[PDB]
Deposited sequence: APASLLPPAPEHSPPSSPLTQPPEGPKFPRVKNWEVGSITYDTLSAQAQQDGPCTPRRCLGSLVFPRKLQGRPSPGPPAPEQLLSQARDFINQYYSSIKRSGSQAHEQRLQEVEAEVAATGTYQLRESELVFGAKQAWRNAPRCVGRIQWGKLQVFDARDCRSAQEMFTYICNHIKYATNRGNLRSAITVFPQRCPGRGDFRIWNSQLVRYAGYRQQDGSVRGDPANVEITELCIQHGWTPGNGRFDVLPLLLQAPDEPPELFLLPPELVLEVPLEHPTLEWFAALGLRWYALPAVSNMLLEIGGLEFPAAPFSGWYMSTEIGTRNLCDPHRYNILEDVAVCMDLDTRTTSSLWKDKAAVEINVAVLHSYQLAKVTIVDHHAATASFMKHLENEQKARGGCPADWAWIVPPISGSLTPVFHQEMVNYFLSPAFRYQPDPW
C-alpha cells in the first residue's frame, strides 16, 4: 500500500485502490517510463471475467450487493454470453460504465465533475447519416449557447466479426492545415493529416487559418463519407485582450467545445470504438499548448514583438511574459462571450478536492502527475507538490489505432 505524501501540507495517505489495479503499465523496477505518451504500444474466454467484475461493482455501488436482484442479474449475463458470445448492458449500467471510466481517466484534471455526465444512448444506431444527427444533438446539447455541459454519446458496440462504428476526426471541431511550395502549414498543423484525408474525399480547401474541418463519419464496412457542419452549431470565440488593444487584430480565435472522437470506451469487457465525449476547456489547453506549441500555431514570438519584448535574449523571459498574456486573453475572451472556461489554478485546486473525496470513497485515485500538473506555472498550483500513483482501473477510456 503506497505511502503518498503531500509536501505542501505534510499530510500522508495510503493508496489501497492501486492494489485493485489490473492491466499492466509500461514501468518495471529497473526503469520508469511514466513519461511515455502511449504506454508502450497498442475463443474469447476474456469477456465473462470482465463482465462479472463490472456487474458486481455496479451493485455494490448502489448497496444492492448480495442476494435478491444482484444474485439475479449475474445469471442473465452469464446466459447472454453463453448463447451469443457478446452481451448487452442494461442502460443504467451503461451510464455507470460511462461515468466510472471518466472517474478512472488518469490524465484528466476535471474529474471532480465525474458525477455530472449526460449519457446519450445511441446503441440503436444503424447508419452513417444516423450518426451525424446523433452528433449534432450532442454538440447543440453540450454547447447550450455557451453554458457548456459534460456529455458523451455511445454508438453501438463493435460486434463479434463485422465492422465497427468510428468517427475519423480526433475531435468533432478542428481547424484545417494546408501545404504549399514551402511545405509549411497555414492553419492547425496537428490536424493536417485529417485535412489531407478530407480533400481527397471531396472537400474544398479554404481561406484563413481557422477553417473548421468537415466531419468524416463511418458505419460498419461501408467506407466513410463527408458531412459538412452547420456554422450556427459551431460556436467560436474571437480572441481579444482586456488592455492590449492590438491583440484583436491578430485575427485569433478558438472553438467552444472540446469534444474528442477517436478514443475507445471499455465497459464490463465490451469495446466501443466510437463514443465521443465533451466537457469544457481549461485555459492552458488553448493559450499554452494549442496557440504556443512550436508544432501547433506557434504564435509566441509574434505576441512578444507586439509587446516590444527583448527577443534577442532568453533571460529577458519574453517567452514567459507573452505566454501569460495570451492565457489572459483566452480567459477574458471566453468570459466576454459567456462561454464556460476554467483557469488552471481553479481546475487544479478542485482536483485536490477530488483526491480527498476519492480517498474516503475508494481509498485511492489513479492520477498521472505529468498531465495533472499544468503546462505553465506548475509549482504555483497545489498538484505540483503532491505525490501521485498512476495505474489502470476499469472501466476506462483507451486509445486505439486510427482507421486510415
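Novice: Spell out the unmodelled ranges of the deposited sequence for me, N- to C-terminal, numbering from the first residue.
Specialist: Going by the record, the segments left unmodelled (no C-alpha atoms) fall at 1-27, 70-78.
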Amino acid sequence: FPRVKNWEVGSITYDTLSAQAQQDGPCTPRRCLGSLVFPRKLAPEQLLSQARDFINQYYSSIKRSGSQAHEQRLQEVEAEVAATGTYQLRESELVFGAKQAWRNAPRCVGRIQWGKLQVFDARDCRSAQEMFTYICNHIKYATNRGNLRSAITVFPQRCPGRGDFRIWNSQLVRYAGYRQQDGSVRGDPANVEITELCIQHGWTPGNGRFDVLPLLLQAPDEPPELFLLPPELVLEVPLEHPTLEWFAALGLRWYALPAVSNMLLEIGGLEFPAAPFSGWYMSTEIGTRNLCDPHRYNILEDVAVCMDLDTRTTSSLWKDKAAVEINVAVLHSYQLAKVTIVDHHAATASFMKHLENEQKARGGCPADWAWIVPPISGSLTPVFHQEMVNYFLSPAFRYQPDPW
From here on, numbers count along this sequence of modelled residues.
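For the two forms, the rigid core is made up of the largest set of C-alpha atoms that agree within 1.5 Å on superposition.
Novice: Taking the root mean square of C-alpha distances over all structures and residues in 8 other deposited structures of this protein, with a rigid core superposition, name the larger of 71-79 and 191-199.
Specialist: With the rigid core fitted, 71-79 is the stretch that strays more in 8 other deposited structures of this protein.
Novice: So, in 8 other deposited structures of this protein, taking the root mean square over structures and residues of the Cα distances after a rigid core fit: is 137-145 or 207-215 the more displaced stretch?
Specialist: More C-alpha displacement in 8 other deposited structures of this protein shows up in 207-215.
Novice: Are coordinates for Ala43 absent from at least a third of the other PDB entries that model its neighbours?
Specialist: Comparison shows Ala43 dropped in at least a third of the other entries.
Novice: Return whichever of 235-243 and 87-95 has the greater mean Cα B factor according to the PDB record.
Specialist: Higher mean C-alpha B-factor: 87-95.
Novice: Which of the two stretches, 261-269 or 309-317, shows the higher mean Cα temperature factor in the record?
Specialist: The deposited B-factors put 261-269 ahead on the C-alpha mean.
Novice: Have a look at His70, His344, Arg31, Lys338 and flag the one whose Cα has the highest B-factor in the entry.
Specialist: Among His70, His344, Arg31, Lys338, the PDB entry lists the largest C-alpha B-factor for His70.
Novice: Compare the CA B factors listed in the entry for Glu301, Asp293, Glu285, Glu196 and report the winner.
Specialist: Most elevated C-alpha B-factor of the set, per the entry: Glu196.
Novice: Is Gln359 in the lowest, middle or highest third of its chain when residues are ranked by C-alpha B-factor?
Specialist: Middle third - that is where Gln359 ends up once the chain's C-alpha B-factors are sorted.
Novice: Divide the modelled residues of the chain into thirds by Cα B-factor and specify which third, lowest, middle or highest, holds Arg158.
Specialist: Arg158: CA B-factor falls in the highest third of its chain.
Novice: Name the third of the chain's ranked CA B-factors that contains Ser278, choosing lowest, middle or highest.
Specialist: For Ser278, the deposited C-alpha B-factor lands in the lowest third.
Novice: Sorting the chain's modelled residues by C-alpha B-factor, tell me whether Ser333 ends up in the lowest, middle or highest third.
Specialist: Tercile = lowest for this residue's CA B-factor.
Novice: Hey, what third does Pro26 fall into on Cα B-factor, ranked over its chain?
Specialist: It belongs to the middle third of the chain when residues are ordered by C-alpha B-factor.
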